[PDB]
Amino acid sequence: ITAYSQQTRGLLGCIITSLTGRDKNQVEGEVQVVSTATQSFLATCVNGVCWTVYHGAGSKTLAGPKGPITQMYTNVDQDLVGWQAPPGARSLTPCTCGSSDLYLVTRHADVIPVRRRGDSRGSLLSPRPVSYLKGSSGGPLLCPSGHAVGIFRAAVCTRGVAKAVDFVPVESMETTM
């Protein structure tokens, strides 16, 4: 399992595309690198919906082909939001595996092992600095075969060392619908 990043827009692009909310860009891949005026995070499409963390997105509309896409599902209390996938949008499939062996993908395409430590908890095999995970909330927590088991929320860290993750499970995403 390997992933690789690809930049689709520069400064002028996000700013204009964020003003108007008109993105006539064709979406590709399963995970989108999204940004607002402040932060820059990630988004994952699971079964037809472009999912992300509410702290990043607030209640903003996604920039779409038809214009601003007001969001569909919203579980703020679980820090979750998602928008109805734009045209093309290659969605991910929920788990099926039971496998407790996950991988976290970062905004730079880092396939990093996590061990299903609970309903939403998960251990990192080798701890790294918390700067490593900066800008990755919204990313995916996959299974051995590559299925979407969870949307990454934040690292669990003490003394600037991140050793665990806190994600929302693919199953509560569906429970939202």
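Heads up: residue numbers just count along the shown sequence, starting at 1.
Participant: Tell me which of 110-118 and 134-142 has the higher mean C-alpha B-factor in the deposited entry.
Facilitator: Higher mean C-alpha B-factor: 110-118.
Participant: Hey, which bit's got the bigger mean C-alpha B factor in the entry, 143-151 or 23-31?
Facilitator: 143-151 has the higher mean C-alpha B-factor.
Participant: Would you check the entry's CA temperature factor for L80 and let me know if it's in the chain's lowest, middle or highest third?
Facilitator: Its C-alpha B-factor belongs to the lowest third of this chain's values.
Participant: Relative to the other modelled residues of the same chain, rank the CA B-factor of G48 and answer lowest, middle or highest third.
Facilitator: Middle third - that is where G48 ends up once the chain's C-alpha B-factors are sorted.
Participant: Please say which third, lowest, middle or highest, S126 falls into when its CA temperature factor is compared across its chain.
Facilitator: Highest third, going by the recorded CA B-factors of the chain.
Participant: Per the entry's values, where does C14 land by CA temperature factor relative to the rest of its chain, in the lowest, middle or highest third?
Facilitator: Lowest third, going by the recorded CA B-factors of the chain.
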